[PDB]
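1. Turn this into a structure:
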Amino acid sequence: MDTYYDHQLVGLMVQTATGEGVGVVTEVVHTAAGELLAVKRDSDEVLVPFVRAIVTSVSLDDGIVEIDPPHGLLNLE
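-> Numbering: from 1, shown residues only. The protein structure is shown below:
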């Protein structure tokens, strides 16, 4: 039950639980419920809600992030 800061997670390699490399996050969007995950896709950029529930793993020292986007939410907010 540990949730790190978003402004700190920005710039890490975020992916899905299944192992989908969405890319490296560059910023989080402060939403009404919490924050979002702005990750730099291969050719574009997508956004995904950051929640201690959806997030599976979080590498602080390794500089990487793991998440579990709902269905096809791994694309845009």
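
2. what sits against residue 26?
-> By Cβ atoms under 8 Å, 6 or more residues apart in numbering, the contact list for residue 26 reads 10-11, 38-40, 45. (Each C-beta comes from the backbone N, C-alpha and C, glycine too.)

3. Okay, and which of the residues you listed map to strands?
-> 38-40, 45 (DSSP state E).

4. Is the residue nearest to residue 73 when sequence neighbours are not counted bridged to anything, and to what?
-> Spatial nearest neighbour of residue 73, excluding adjacent residues (Cβ to Cβ, 6 or more residues apart in numbering): residue 48 at 5.8 Å. Here residue 48 sits in beta bridges with residue 37, as judged by DSSP bridges.

5. hmm, back to that, with neighbour count and distance to residue 58 as new columns, can the contacts of residue 26 be given to me in a markdown table?
-> A markdown table is the format used below for these (neighbours: other Cβ atoms under 10 Å; distance: Cβ to Cβ, whole Å):
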| residue | neighbour count | distance to residue 58 |
| --- | --- | --- |
| 10 | 18 | 13 |
| 11 | 14 | 13 |
| 38 | 20 | 17 |
| 39 | 27 | 14 |
| 40 | 16 | 18 |
| 45 | 16 | 21 |
